[PDB]
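Asker: What follows is a single structure, and I will ask about it in a moment.
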Amino acid sequence: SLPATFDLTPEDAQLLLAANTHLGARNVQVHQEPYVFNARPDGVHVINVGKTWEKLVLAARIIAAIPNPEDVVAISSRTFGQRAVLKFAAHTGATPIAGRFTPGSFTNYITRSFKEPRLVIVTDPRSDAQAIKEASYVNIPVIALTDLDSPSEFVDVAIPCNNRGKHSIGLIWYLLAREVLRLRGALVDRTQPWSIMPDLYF
Amino acid sequence: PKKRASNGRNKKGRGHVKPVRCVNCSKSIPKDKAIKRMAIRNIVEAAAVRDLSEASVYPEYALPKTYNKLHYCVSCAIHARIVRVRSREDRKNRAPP
Amino acid sequence: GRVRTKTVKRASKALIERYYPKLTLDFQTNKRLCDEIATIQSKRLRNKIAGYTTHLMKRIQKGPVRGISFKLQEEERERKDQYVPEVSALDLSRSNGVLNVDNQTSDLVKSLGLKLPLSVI
Amino acid sequence: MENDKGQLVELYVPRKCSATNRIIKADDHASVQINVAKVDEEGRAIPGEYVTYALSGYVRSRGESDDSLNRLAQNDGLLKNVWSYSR
Amino acid sequence: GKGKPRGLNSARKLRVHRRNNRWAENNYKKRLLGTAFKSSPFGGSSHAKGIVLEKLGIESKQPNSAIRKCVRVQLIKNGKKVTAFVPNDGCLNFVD
Amino acid sequence: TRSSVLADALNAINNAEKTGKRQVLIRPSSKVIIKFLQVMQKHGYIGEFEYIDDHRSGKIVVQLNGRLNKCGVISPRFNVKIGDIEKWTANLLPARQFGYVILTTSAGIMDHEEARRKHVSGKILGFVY
Amino acid sequence: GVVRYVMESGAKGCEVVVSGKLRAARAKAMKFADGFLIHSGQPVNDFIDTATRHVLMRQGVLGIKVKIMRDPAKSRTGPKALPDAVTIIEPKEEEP
Amino acid sequence: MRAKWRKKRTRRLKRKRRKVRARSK
Amino acid sequence: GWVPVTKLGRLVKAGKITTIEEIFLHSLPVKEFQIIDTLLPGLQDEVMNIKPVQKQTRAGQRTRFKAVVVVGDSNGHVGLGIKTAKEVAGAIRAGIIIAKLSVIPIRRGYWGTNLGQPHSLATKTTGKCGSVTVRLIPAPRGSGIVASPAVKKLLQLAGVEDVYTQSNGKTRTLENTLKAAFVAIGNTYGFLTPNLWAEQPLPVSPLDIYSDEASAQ
RNA sequence: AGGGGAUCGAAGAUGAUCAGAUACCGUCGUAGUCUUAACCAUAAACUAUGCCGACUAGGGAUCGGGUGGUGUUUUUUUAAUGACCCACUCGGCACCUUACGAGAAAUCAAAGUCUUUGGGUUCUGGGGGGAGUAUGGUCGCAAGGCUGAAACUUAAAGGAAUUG
Ligand SMILES: [Mg+2]
Ligand SMILES: [Mg+2]
Ligand SMILES: [Mg+2]
Ligand SMILES: [Mg+2]
Ligand SMILES: [Mg+2]
Ligand SMILES: [Mg+2]
Ligand SMILES: [Mg+2]
Ligand SMILES: [Mg+2]
Ligand SMILES: [Mg+2]
Ligand SMILES: [Mg+2]
Ligand SMILES: [Mg+2]
Ligand SMILES: [Mg+2]
Ligand SMILES: [Mg+2]
Ligand SMILES: [Mg+2]
Ligand SMILES: [Mg+2]
Ligand SMILES: [Mg+2]
Ligand SMILES: [Mg+2]
Ligand SMILES: [Mg+2]
Ligand SMILES: [Mg+2]
Ligand SMILES: [Mg+2]
Ligand SMILES: [Mg+2]
Ligand SMILES: [Mg+2]
Ligand SMILES: [Mg+2]
Ligand SMILES: [Mg+2]
Ligand SMILES: [Mg+2]
Ligand SMILES: [Mg+2]
Ligand SMILES: [Mg+2]
Ligand SMILES: [Mg+2]
Ligand SMILES: [Zn+2]
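Chains as they are written, first to last, in the entry's author numbering: chain uS2, 2 to 203; chain eS26, 2 to 98; chain eS17, 2 to 122; chain eS21, 1 to 87; chain uS12, 2 to 97; chain uS8, 2 to 130; chain uS3, 121 to 216; chain eL41, 1 to 25; chain uS5, 34 to 250.
What follows is the structure, given as structure tokens:
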């Protein structure tokens with residue numbers, strides 16, 4: 002299952018560290034996170050970004066499994082990750098939701114609303130809880146950018162990243178973007194940096 | 002039906018507290034139940050200071066505050082502006098202003 | 002007294018999405034523009050769509066108004082994407098080639114990978 | 001549930017949570033079946049093969065959806081040392 | 002723990018507490034105290050003969066208004082005096 | 002105070018399975034919990050358990066699969082004569098085909114079908130399904 | 121029944137009212153409706169036609185008002201929309 | 001019929017029964 | 034014509050899904066109802082009750098009518114609809130559609146000796162609603178359905194022959210005892226019996242096999 | 001019963017208010033309020049939630065005691081204590097979120113682990129009145145407390161919530 006093409010390359014590593022995607026929250030962290038690496042003074046835990054990357058790959062592998070990638074919703078309402086969610090969307094099929102979720106989207110079959118996805122990715126599970134609540138009415142799996150303090154309730158695969166910072170959210174979306182196509186088409190050459198730039202997702 | 006989890010007000014773990022007297026009403030009320038508020042104000046109202054500024058000898062004289070702590074019974078506190086009826090879900094909040 | 006209802010506000014922005022091609026900051030021009038392309042019943046009806054469409058225009062210059070799209074808002078609003086690309090990509094530049102990391106943040110590295118600009122605190 | 005003369009009788013046959021061997025009943029609308037696209041030489045999506053995973057709605061809502069997914073996935077390959085059976 | 006004992010050797014307290022608490026049951030209490038003997042104009046029997054002392058009229062409870070047409074009876078076995086409704090239209094005229 | 006160690010044990014088990022956990026530690030264990038656990042292993046409602054020799058009374062860690070509905074104690078341990086096993090099974094057990102009320106007899110601790118075919122009985126311990 | 125003959129005939133809306141008694145003690149207030157009824161402003165004259173006739177049933181007289189809302193679009197006279205209506209169009213696929 | 005006082009009355013007017021059964025000796 | 038929405042709803046008229054038991058197997062939300070109209074088209078229906086309820090209003094006495102209705106074949110599917118509306122029959126019709134979108138599979142069984150053709154219940158089972166416990170208990174053949182007549186009728190419409198019932202609570206409030214009876218048979222396909230202990234492959238979703246049959250052109 | 005009796009103040013006395021107003025408000029004011037020596041034994045004596053034991057969610061504070069650290073100040077030079085900081089933990093007053101479970105609901109971390117009904121044990125309830133009455137017994141100086149019926153009568157009282 003696990004080849005070394007997807008090992009964490011040290012040039013991939015410097016991408017993550019520049020964003021501070023490895024800085025967990027303070028004295029707050031859900032018991033449901035062993036994604037932690039041993040923590041620093043000044044209270045901040047350092048995520049084990051190896052666990053990030055392995056979860057991100059599986060994330061990608063679950064997305065590629067979606068037959069018609071058009072219906073894969075990816076959600077932000079978070080002021081930050083809105084910009085990056087839309088960029089992610091155009092790359093794969095990936096119906097996007099930025100701004101306000103407008104409840105009634107997964108239940109409540111009326112048009113000018115209502116995608117019926119088979120998968121859903123969320124920037125902040127706390128701040129996008131309407132989708133994660135709503136998804137649990139309709140047999141829809143959830144993928145989440147959990148930080149150390151983030152609810153694991155109804156979220157199915159957690160990507161431990163640092164959700165309390167500018168670049169850290171954008172990085173994962175683009176890396177998740179890059180990975181889901183490194184699995185069929187564009188960027189066939191793994192270990193060859195994708196044409197695209199990360200700084201676009203901000 | 003029980004209206005508040007604090008029963009009346011804020012006493013868990015003793016059994017008996019002791020009574021204070023409403024400043025407006027004189028009614029007995031347990032200290033934990035009284036409605037408390039500090040009247041920290043200067044001895045001068047709006048204006049009347051720079052109408053007293055050059056009225057004073059002592060170039061350098063600060064302004065002494067007049068301190069007094071006030072306890073209200075429930076009924077008075079409600080009948081003045083002190084507390085107000087709140088909604089059901091609004092009664093759980095401890096934000097002063 | 003003077004609060005325009007959704008009959009005007011919907012119709013008034015119903016135009017600006019399809020005719021920002023043309024349209025002006027002057028009322029009487031849009032007045033005689035309206036009835037060419039619209040089917041308003043009364044003059045007072047049309048003169049109030051026009052008075053508001055013009056009002057949206059007299060303010061359209063400085064920032065788009067919530068709920069608008071006119072083939073050019075989409076164009077120009079895209080132009081401010083990638084302000085920083087074509088300069089430093091935030092790798093070893095704005096940094097001294099070194100990645101400045103702390104004592105325990107660093108121990109996390111020796112776990113699997115090794116190629117690393119180092120630091121301490 | 002067969003019968004005498006062996007001919008099976010029960011209409012339909014529920015799934016089972018992978019993490020609890022539970023049952024997933026018809027109205028268990030918090031439950032979700034997962035498909036991980038199995039990779040080969042160069043990933044290629046192997047379009048339409050999958051490795052399959054079912055989580056009972058209960059496991060989803062209790063919060064163990066995430067972590068019982070890691071143990072589930074890693075024990076099947078799919079993952080390096082991310083999960084730890086000893087805590 | 003559910004209020005009552007459970008031990009294999011607590012038969013006494015179990016049996017004696019039903020005995021205590023059966024007393025809050027009206028039908029049991031009326032039987033054991035025998036108030037159909039001590040009270041109860043009939044001897045505790047289903048019927049009773051009696052000598053009609055006088056016809057008598059009783060106004061009904063509200064919301065209703067009417068006169069119900071009872072007689073007053075002295076029970077032969079008892080002396081005890083009671084009133085009894087006489088059913089159906091007219092029919093008081095049958096009682097001398 | 003601790004009055005039935007067995008009752009406390011099966012409570013932890015039933016509470017363990019009900020939260021979807023796969024294992025549970027149960028202090029303090031005894032001859033008669035094990036045999037109980039054993040008759041539960043024969044018919045397959047759990048898997049491995051390990052006794053943990055502390056030098057007082059022994060912890061225990063049992064691994065559970067998910068087929069368990071309820072394991073309970075019947076307290077006190079009623080004397081049940083052979084003809085009365087049909088009575089208890091009717092009350093405690095979900096259906097005639099499966100489930101087990103388990104007794105302690107002088108012929109040992111066993112489920113009720115074994116007890117019926119081996120033909121003895123005694124006091125009653127509990128039930129499992 | 122005779123409500124819905126009026127709706128598939130192509131009307132925007134229609135109410136039928138009846139007052140009196142066939143579930144017959146006190147005061148019918150029964151409405152039967154569908155669609156749309158601008159009522160009121162000026163469009164009532166233009167676009168609603170109503171007529172009340174009095175049916176003398178077995179033990180009383182009953183009042184049936186009916187209201188019909190013609191489609192203003194095909195008015196064939198006067199206004200052909202409510203003063204609420206507005207419409208527009210756009211140019212076809214063009215040259216850059 | 002405030003209980004506090006349906007019950008003061010119940011005592012006011014039950015010591016009276018006690019103090020009058022002793023006249024009847 | 035029907036003209037569905039709901040990626041499920043299109044997939045069922047495409048004939049790519051033929052049995053209701055394939056919806057249940059994937060526990061798929063069912064938001065249309067023409068699907069079940071066909072998936073099982075032998076659905077009888079009895080209205081169990083029509084009952085006035087009122088809302089006080091500055092004029093008094095709203096008095097809308099409420100109807101509770103149940104649907105099934107006598108072959109192991111029951112659904113229950115509680116709906117109220119202004120006119121009596123309007124509440125019944127809407128009551129049928131929601132009675133449909135609810136249909137649940139019920140797991141029949143044998144009392145004792147496993148002969149052919151189940152007649153009774155898998156296990157003891159219970160549902161509750163408000164005050165109303167309702168216990169369903171497997172019964173020997175030729176015993177009938179010993180239940181109050183409103184439930185005798187629902188259980189008829191889930192195709193059970195021999196069952197014992199044992200109520201508790203305020204059963205005179207009929208709307209609730211049905212709701213509880215329905216939770217009860219609804220729970221027959223939740224009880225892990227030993228002959229369901231085996232591990233299974235996880236059949237793949239019909240939203241992915243016939244995945245090509247959503248969206249538009 | 002003796003001391004004590006500043007204050008407040010059942011009774012009372014009064015000034016008002018009032019249709020009346022020995023009520024509310026105002027001024028007095030006896031007992032009382034404190035105290036020793038005796039009684040009394042009850043309160044919405046309330047968490048209206050018996051005690052013991054076991055188990056089942058997430059989170060942050062706090063009080064006590066302990067453990068750990070090249071940790072800050074104590075600077076007494078560094079110590080060492082005390083104070084503080086961080087981390088653990090046992091025990092306690094509570095709190096937040098949530099129910100996966102409970103409930104008629106209000107709500108509930110127990111009010112959960114119950115018709116899938118049994119860990120141990122003590123007390124109490126069995127429609128509303130009549131009535132905590134009558135009677136007997138007992139305690140008390142008394143006021144009263146403890147124990148405690150029946151005739152008789154009644155189709156509802158009642159609990160939680162909903163809309164007006
Ligand atoms: Mg109240
Ligand atoms: Mg204490
Ligand atoms: Mg007290
Ligand atoms: Mg002060
Ligand atoms: Mg008694
Ligand atoms: Mg007696
Ligand atoms: Mg009593
Ligand atoms: Mg007007
Ligand atoms: Mg009225
Ligand atoms: Mg004295
Ligand atoms: Mg004095
Ligand atoms: Mg005074
Ligand atoms: Mg006085
Ligand atoms: Mg006074
Ligand atoms: Mg004294
Ligand atoms: Mg004493
Ligand atoms: Mg008492
Ligand atoms: Mg009490
Ligand atoms: Mg209790
Ligand atoms: Mg306890
Ligand atoms: Mg906790
Ligand atoms: Mg401490
Ligand atoms: Mg220390
Ligand atoms: Mg130190
Ligand atoms: Mg009574
Ligand atoms: Mg006495
Ligand atoms: Mg009556
Ligand atoms: Mg009430
Ligand atoms: Zn006051």
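All C-beta atoms, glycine included, are put in the ideal place defined by N, C-alpha and C.
Three Cβ pairs or more, each shorter than 8 Å: is that satisfied between the segment 124–131 of chain uS5 and the segment 74–87 of chain uS5?
Answerer: The segment 124–131 of chain uS5, when compared against the segment 74–87 of chain uS5, does touch it at the 8 Å Cβ threshold.
Asker: Return helix, strand or coil for residue 127 (chain uS3), following the three-state DSSP convention.
Answerer: The count along the seventh sequence starts at 1 and reaches residue 127 (chain uS3) at position 7. DSSP places residue 127 (chain uS3) in helix when its eight states are reduced to three.
Asker: Could you tell me whether any non-hydrogen atom of ligand 8 is closer than 8 Å to the CB of residue 161 (chain uS3)?
Answerer: As a working mapping, residue 161 (chain uS3) is identified with position 41 in the seventh sequence. Indeed, a heavy atom of ligand 8 lies less than 8 Å from the Cβ.
Asker: On the DSSP letters alone, give me the boundaries of the alpha helix (DSSP H) that residue 158 (chain uS5) sits inside.
Answerer: For the purposes of this step, residue 158 (chain uS5) is identified with residue 125 of the ninth sequence, where counting begins at 1. Not the alpha helix (DSSP H): residue 158 (chain uS5) falls in the beta strand (DSSP E), residues 158–162.
Asker: Pull the bridge partners of residue 193 (chain uS2) from the DSSP assignment, please.
Answerer: Mapped onto the first sequence, residue 193 (chain uS2) falls at position 192. Partner(s): none; residue 193 (chain uS2) has no beta bridge.
Asker: Taking Cβ-Cβ distances shorter than 7 Å, what residues in chain eS17 pair up with residue 38 (chain uS2)?
Answerer: Taking the first sequence and counting its residues from 1, one reaches residue 38 (chain uS2) at position 37. The contacting residues are 109.
Asker: Buried or exposed: residue 175 (chain uS2), going by 16 or more other Cβ atoms within 10 Å of its Cβ?
Answerer: Residue mapping note: residue 175 (chain uS2) aligns to position 174 of the first sequence, counting from 1. Answer is buried; the Cβ neighbour count reaches 16.
Asker: Looking at the secondary structure, which residues open and close the beta strand (DSSP E) in which residue 145 (chain uS2) lies?
Answerer: By 1-based counting over the first sequence, the position of residue 145 (chain uS2) is 144. It spans 143–145 - the beta strand (DSSP E) in which residue 145 (chain uS2) sits, taken as one unbroken run.
Asker: Beta-carbon within less than 6 Å of residue 105 (chain uS5)'s beta-carbon, same chain only, minus the 5 sequence neighbours each way: which residues are those?
Answerer: Counting from one through the ninth sequence, the residue named residue 105 (chain uS5) turns up at place 72. 111, 190, 191.
Asker: Find the nearest neighbour of residue 19 (chain eS21) within the set 42 (chain eS21), 55 (chain eS21), 84 (chain eS21), judged by alpha-carbon distance.
Answerer: Taking the fourth sequence and counting its residues from 1, the one referred to as residue 19 (chain eS21) is at position 19. That would be 55 (chain eS21), whose Cα lies nearest to the Cα of residue 19 (chain eS21).
Asker: Taking residue 1 (chain eS17) and residue 35 (chain eS17) to be in contact with their CB atoms under 8 Å, please state how far apart those CB atoms are, rounded to whole angstroms.
Answerer: What is shown of chain eS17 runs 2 to 122, which leaves residue 1 (chain eS17) out entirely.
Asker: Go ahead and label residue 6 (chain eS17) buried or exposed: buried means 16 or more other beta carbons lie within 10 angstroms of its beta carbon, across all protein chains shown.
Answerer: Along the third sequence, one-based indexing puts residue 6 (chain eS17) at 5. Counting Cβ neighbours within 10 Å, residue 6 (chain eS17) comes out exposed, since fewer than 16 surround it.
Asker: Residues in its own chain within less than 7 Å of residue 84 (chain eS26) by CB, not counting five upstream and five downstream?
Answerer: Within the second sequence, the letter at position 83 stands for residue 84 (chain eS26). Excluding positions up to five away in sequence, the list reads 36, 78.
Asker: Strictly below 7 Å CB to CB, what residues from chain uS12 border residue 76 (chain uS8)?
Answerer: For the purposes of this step, residue 76 (chain uS8) is identified with residue 75 of the sixth sequence, where counting begins at 1. Here the neighbours are 7.
Asker: With a threshold of 9 Å between beta carbons, is residue 185 (chain uS2) in contact with chain eS21?
Answerer: In the first sequence, the residue the question calls residue 185 (chain uS2) occupies position 184. Residue 185 (chain uS2) counts as touching chain eS21.
Asker: I'd like to know if the segment 112–129 of chain uS8 and the segment 36–52 of chain uS8 are in contact, where contact means that at least 3 CB-CB pairs between them fall below 8 Å.
Answerer: The answer is yes - the segment 36–52 of chain uS8 touches the segment 112–129 of chain uS8, with three or more Cβ pairs under 8 Å.
Asker: Helix or strand or just coil, what does DSSP make of residue 49 (chain uS2)?
Answerer: Your numbering for residue 49 (chain uS2) matches position 48 in the first sequence. In this structure, residue 49 (chain uS2) counts as coil in the three-state DSSP scheme.
Asker: Please state the DSSP three-state secondary structure of residue 129 (chain uS8).
Answerer: Residue mapping note: residue 129 (chain uS8) aligns to position 128 of the sixth sequence, counting from 1. Strand at residue 129 (chain uS8).
Asker: Measuring CA to CA, which of 66 (chain uS12), 78 (chain uS12), 19 (chain uS12), 54 (chain uS12) is closest to residue 85 (chain uS12)?
Answerer: Counted from its first residue, the fifth sequence places residue 85 (chain uS12) at position 84. Ranking 66 (chain uS12), 78 (chain uS12), 19 (chain uS12), 54 (chain uS12) by Cα distance to residue 85 (chain uS12) puts 54 (chain uS12) first.
Asker: Roughly how far, in whole angstroms, is the beta-carbon of residue 138 (chain uS5) from the beta-carbon of residue 194 (chain uS5), given that I think they are within contact range, below 8 Å?
Answerer: As a working note, residue 138 (chain uS5) is residue 105 in the ninth sequence. As a working note, residue 194 (chain uS5) is residue 161 in the ninth sequence. Wrong, their Cβ atoms sit about 17 Å apart, outside the cutoff.
Asker: What are the residues in the segment 22–46 of chain eS21 lying within 8 Å of chain uS2 by C-beta distance?
Answerer: Here the close residues are 29, 30, 31, 32, 33, 34, 35, 36, 37, 38, 39, 42, 43, 44, 45.
Asker: Do the CB positions of residue 160 (chain uS2) and residue 146 (chain uS2) come within less than 9 Å of each other?
Answerer: To locate residue 160 (chain uS2), count along the first sequence from 1; it is residue 159. To locate residue 146 (chain uS2), count along the first sequence from 1; it is residue 145. It is a contact, given that the beta carbons lie within the stated cut-off.
Asker: Can you tell me which of the three DSSP states residue 98 (chain uS5) falls into?
Answerer: Reading the ninth sequence from its first residue, position 65 is the one you call residue 98 (chain uS5). The answer is strand: DSSP assigns residue 98 (chain uS5) an E or B state.
Asker: Spell out the partners DSSP gives residue 142 (chain uS5) in its beta bridges.
Answerer: The count along the ninth sequence starts at 1 and reaches residue 142 (chain uS5) at position 109. Per DSSP, 153 (chain uS5).
Asker: Name the two residues that bound the continuous beta strand (DSSP E) containing residue 173 (chain uS3).
Answerer: In the seventh sequence, the residue the question calls residue 173 (chain uS3) occupies position 53. Run containing residue 173 (chain uS3): 168–177, per the beta strand (DSSP E) assignment.
Asker: Interface residues of chain uS8 around residue 20 (chain eS21) at Cβ under 7 Å?
Answerer: Mapped onto the fourth sequence, residue 20 (chain eS21) falls at position 20. Under the 7 Å cutoff, chain uS8 gives 21, 67.
Asker: How would you call residue 38 (chain uS12), buried or exposed, if buried means at least 16 neighbouring beta carbons within 10 angstroms?
Answerer: Here residue 38 (chain uS12) refers to the residue found at position 37 of the fifth sequence. Under this definition residue 38 (chain uS12) is an exposed residue.
Asker: Taking the alpha carbon of residue 6 (chain uS8) as the point to measure from, which residue in 45 (chain uS8), 49 (chain uS8), 73 (chain uS8) has its own alpha carbon closest?
Answerer: Within the sixth sequence, the letter at position 5 stands for residue 6 (chain uS8). Residue 6 (chain uS8) has its Cα closest to that of 73 (chain uS8), out of 45 (chain uS8), 49 (chain uS8), 73 (chain uS8).
Asker: Does any residue of chain uS12 bring its CB to less than 9 Å from the CB of residue 79 (chain uS8)?
Answerer: Position 78 of the sixth sequence, counted from the start, is the residue given in the question as residue 79 (chain uS8). With 9 Å as the cut-off, residue 79 (chain uS8) counts as an interface residue toward chain uS12.
Asker: Starting from the Cα of residue 2 (chain eS21), find the closest Cα among 146 (chain uS5), 162 (chain uS5), 250 (chain uS5) and give me that residue.
Answerer: Position 2 of the fourth sequence, counted from the start, is the residue given in the question as residue 2 (chain eS21). Checked all of 146 (chain uS5), 162 (chain uS5), 250 (chain uS5); the closest Cα to residue 2 (chain eS21) is 146 (chain uS5).
Asker: Looking at ligand 7, does it come within less than 8 Å of residue 25 (chain uS12), judged from the CB to the closest heavy atom?
Answerer: The count along the fifth sequence starts at 1 and reaches residue 25 (chain uS12) at position 24. For ligand 7, at least one heavy atom lies less than 8 Å from the Cβ of residue 25 (chain uS12).
Asker: Is the separation between the beta-carbon of residue 66 (chain uS5) and that of residue 133 (chain uS5) shorter than 9 Å?
Answerer: On the ninth sequence, position 33 is the one that residue 66 (chain uS5) refers to. On the ninth sequence, position 100 is the one that residue 133 (chain uS5) refers to. Yes.
Asker: Which value, in whole angstroms, describes the spacing of the CA atoms of residue 96 (chain uS5) and residue 87 (chain uS5)?
Answerer: Here the question's residue 96 (chain uS5) lines up with position 63 in the ninth sequence. Here the question's residue 87 (chain uS5) lines up with position 54 in the ninth sequence. Answer to the nearest angstrom: the Cα atoms are 4 Å apart.
Asker: Output needed for residue 68 (chain eS17): all residues of its chain with C-beta closer than 7 Å, excluding positions within five of it in sequence on either side, in chain order.
Answerer: Counting from 1 along the third sequence, the entry for residue 68 (chain eS17) is found at position 67. Cβ within range, chain order: 14.
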